[PDB]
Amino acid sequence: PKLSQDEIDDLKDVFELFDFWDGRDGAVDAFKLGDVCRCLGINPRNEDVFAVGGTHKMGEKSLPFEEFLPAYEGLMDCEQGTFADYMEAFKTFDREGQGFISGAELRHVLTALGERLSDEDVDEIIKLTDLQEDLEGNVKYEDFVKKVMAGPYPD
């Protein structure tokens, strides 16, 4: 909650960029409020963003930087799924219990359950993470969870 002038700087760095990508004018479109937060390392939920000011579509509300701090500070207090959290979840769709699951079910979970992801988005994350589905048509979710968590740029 209380932010480090470091964190705020970083916050200004990212707020700078986004303000630019929709017309430089010290204002950022709410439909990006969440996207700005993500570039900072936070993983807000569609609900968390809508609860702090975020909007549904573009061109409805723009926010000054002075209104991003409060908003960002809020999103920092939301829950962040841990490894166990995710694993037990997937584990529930695992019959046998040997860490596998059908790609269909995977895409099913991701686009049908919870605040659904667009098929275009799921299509995009399997490519970046490179979750290869073996011979029969199932994947090792344990690995897919680590990569989504490990992030685009590894170590």
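When you see a residue number, it is the position in the sequence shown, counting from 1.
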Pick between 82-90 and 57-65: the one whose mean CA B-factor in the entry is higher. 57-65
11-19 versus 132-140 - which carries the larger mean C-alpha B factor in the record: 132-140
Lowest, middle or highest third: where is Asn43 by C-alpha B factor in its chain? lowest
Among the modelled residues of its chain, does the C-alpha B-factor of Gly103 lie in the lowest, middle or highest third? highest
Ranking every modelled residue in this chain by its Cα temperature factor as given in the entry, which third contains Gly34? lowest
